[PDB]
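Quick notes on the structure that follows.
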Protein chains: 4
Amino acid sequence: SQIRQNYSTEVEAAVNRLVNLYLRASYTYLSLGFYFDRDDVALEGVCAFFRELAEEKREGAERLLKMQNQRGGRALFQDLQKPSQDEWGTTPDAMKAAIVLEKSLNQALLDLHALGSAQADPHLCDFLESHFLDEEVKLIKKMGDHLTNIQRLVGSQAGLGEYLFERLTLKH
Amino acid sequence: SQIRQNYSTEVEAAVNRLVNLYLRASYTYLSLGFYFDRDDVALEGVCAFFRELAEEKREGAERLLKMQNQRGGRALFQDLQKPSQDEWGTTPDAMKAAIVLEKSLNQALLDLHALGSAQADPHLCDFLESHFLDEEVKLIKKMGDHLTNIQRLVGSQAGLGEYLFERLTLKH
Amino acid sequence: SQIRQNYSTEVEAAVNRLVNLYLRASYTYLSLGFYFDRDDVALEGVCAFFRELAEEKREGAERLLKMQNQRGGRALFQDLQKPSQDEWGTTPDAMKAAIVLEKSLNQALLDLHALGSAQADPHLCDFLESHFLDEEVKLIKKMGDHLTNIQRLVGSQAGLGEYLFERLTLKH
Amino acid sequence: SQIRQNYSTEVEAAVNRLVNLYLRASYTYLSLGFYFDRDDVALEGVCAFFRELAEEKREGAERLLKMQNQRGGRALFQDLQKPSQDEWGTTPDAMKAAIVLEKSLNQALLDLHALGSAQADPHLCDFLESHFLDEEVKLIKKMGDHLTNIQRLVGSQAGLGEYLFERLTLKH
Ligand SMILES: [Pd+2]
Ligand SMILES: [Pd+2]
Ligand SMILES: [Pd+2]
Ligand SMILES: [Pd+2]
Ligand SMILES: [Pd+2]
Ligand SMILES: [Pd+2]
Ligand SMILES: [Pd+2]
Ligand SMILES: [Pd+2]
Ligand SMILES: [Pd+2]
Ligand SMILES: [Pd+2]
Ligand SMILES: [Pd+2]
Ligand SMILES: [Pd+2]
Ligand SMILES: [Pd+2]
Ligand SMILES: [Pd+2]
Ligand SMILES: [Pd+2]
Ligand SMILES: [Pd+2]
Ligand SMILES: [Pd+2]
Ligand SMILES: [Pd+2]
Ligand SMILES: [Pd+2]
Ligand SMILES: [Pd+2]
Ligand SMILES: [Pd+2]
Ligand SMILES: [Pd+2]
Ligand SMILES: [Pd+2]
Ligand SMILES: [Pd+2]
Ligand SMILES: [Pd+2]
Ligand SMILES: [Pd+2]
Ligand SMILES: [Pd+2]
Ligand SMILES: [Pd+2]
Ligand SMILES: [Pd+2]
Ligand SMILES: [Pd+2]
Ligand SMILES: [Pd+2]
Ligand SMILES: [Pd+2]
């Protein structure tokens, strides 16, 4: 009331937690991007890749929040923890951290989906599938591809490999 | 036969009942629209809003019927009950009636979805989600927004509020 | 080294703190925007106003971070505190909170400027002036104008006033 | 007289010295560019990079000279010392020399700025900031980025690294 229908308090809470996770991921990507722009790191294509991901994660959080309002739920925001590292190592280190991060979001989506199914909320299930689950699978595949490529490159002409990957994959 | 597959008689019947509900809702909106065009009511933006909804509900019924034929089911039509009122009061009265009506359609969709799930008809589930459930949530949110706005306006310069809402929200 | 010149550790730290403040302000505006989109609040022009400000504050933080890298400093991120409220009251309440927030950013800029001057960092001084100080003054004037208008409107036909301001100022 | 106002003889002299430094830097870049075009060096992208910088430094000197005339001061030219080397080594050697050179110009700008501040010449301060200090910071960041990239590349497939950097960064 006035609009809320078939929308459990459990799903509402889980949506707010998922928003926090997406915003945390956005923040992590922000840090990753600026790290690669340091004068002693200087890989612009890596910066650009992570900046784009920062945007995508913020967009995901905003989509969740709009959905929360559309269903008559109430957005509740919590502190956003700072990212897990201050310095992110080399390109393969960063790509590995990103995959870990996306898999964690993907698992949260799956957990929310199960909740929605358990709550007989078929509409949430359809909202998650068409707007989040498919994007995560595609993203994780791209990241895995990138990691395989960078790993193949840095074994074992590491500096050269890192430069070529940035120039010929990421700057493309 | 020749085409019907995984399509229960229970789902077929429920689809025919849902068509009747959508057509009844279309009829209700038709009445709502013409009521607002009465010379002693005269709120054209309210008429236009309800006319559009009459169209949307008829389109929903037609989509259901096409789906029924696509699955090899058989459309069966019943009497369409006249709308619940002959006169619809003020704008907030009408908006309230519309929300009640849409929530009832939404609940029928959810009930059909449960049936489809219980009948292991995963394709129906996907047809309902992508084409009906999402539209209902969006519509009900817009209606709730409209009701909040009109309520804020008519407490307590009612005539003035009703005119402004029609001019600046509905005629937009 | 390799590039850092005339860039004190004090200024570097103050820049990182200012980034945190800008990102916190962005988060606050995010919350403000979604609050106004609640079905029981429903003022889209107010949502849009705060969404734009969320974007502007994130852009400010990003400009500071790029500057930090350009000077050879190192970005360090901290936890982002959640916004001061979960519910933001009426339009004038929200506008008041926004002015308080911007004045706080403005004062942080002035404090950083003083630091830069004290550190004989004339280039920072010029970066802050041309890219942050002028924007804050303009923004605060717009906010003050909005607050004066909304205050004039809600004394004392509050609901009506709030609607008109959203329609005729914010939706413009 | 007829126009000179708030323009000290100390600032006038310092401006003439800064012109000499900018023109010397232009000359150094001229030499750097032609060195990379030697048939036994043959890195056209490196030549082009330094040619552009030669142009930028001459433009800076000309801007200073126009400013000197605008303020009613008198341009005085001195001998331009030849560049510090006749042969410039490899790409990282040259990039290092360029950074040393730009940092020296940057420090001269900062020294002139301090003078201007000490002379209560707020207009000079604004001329230097908006037209010279910002450009130097941006330039030095680009140079530092280039040096980090080339260093990463030439450790330790030096010839290969030098070619790739010229083709994929400088020729871009
Ligand atoms: Pd509600
Ligand atoms: Pd960057
Ligand atoms: Pd970048
Ligand atoms: Pd970037
Ligand atoms: Pd939804
Ligand atoms: Pd499901
Ligand atoms: Pd699902
Ligand atoms: Pd490119
Ligand atoms: Pd058949
Ligand atoms: Pd009509
Ligand atoms: Pd009409
Ligand atoms: Pd009409
Ligand atoms: Pd179908
Ligand atoms: Pd299903
Ligand atoms: Pd379904
Ligand atoms: Pd009109
Ligand atoms: Pd450095
Ligand atoms: Pd919104
Ligand atoms: Pd909105
Ligand atoms: Pd909005
Ligand atoms: Pd700067
Ligand atoms: Pd200053
Ligand atoms: Pd300043
Ligand atoms: Pd408009
Ligand atoms: Pd003169
Ligand atoms: Pd050349
Ligand atoms: Pd050349
Ligand atoms: Pd050239
Ligand atoms: Pd001047
Ligand atoms: Pd000054
Ligand atoms: Pd200055
Ligand atoms: Pd080319």
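The chain as shown is numbered from 1 upward.
Structure method, as recorded: X-ray crystallography, 1.8 Å.
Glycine too: its Cβ is placed from the backbone N, Cα and C atoms.
The Fe cation binding site feature in Swiss-Prot is assigned to A:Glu52, A:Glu55, A:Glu56, A:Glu59, A:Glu62; the stated evidence is sequence analysis. As annotated by Swiss-Prot, region 'Catalytic site for iron oxidation' applies to A:52-59.
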Neighbour count (Cβ, 10 Å) for A:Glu59 (Fe cation binding site): 13
Among A:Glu55, A:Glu56, A:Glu62, the binding-site residues whose C-beta sits under 6 Å from ligand 9: none
DSSP-assigned states of the region 'Catalytic site for iron oxidation' (A:52-59) in counts, ordered helix, strand, coil: 8 helix, 0 strand, 0 coil
Residue, out of the binding-site residues A:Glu52, A:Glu55, A:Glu56, A:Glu62, whose Cβ gathers the largest set of other Cβ atoms within 10 Å: A:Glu62
Extra residues within 8 Å (Cβ to Cβ centroid of A:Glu52, A:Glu55, A:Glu56, A:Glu59, A:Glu62), Fe cation: A:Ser26, A:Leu53, A:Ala54, A:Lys57, A:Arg58, A:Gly60
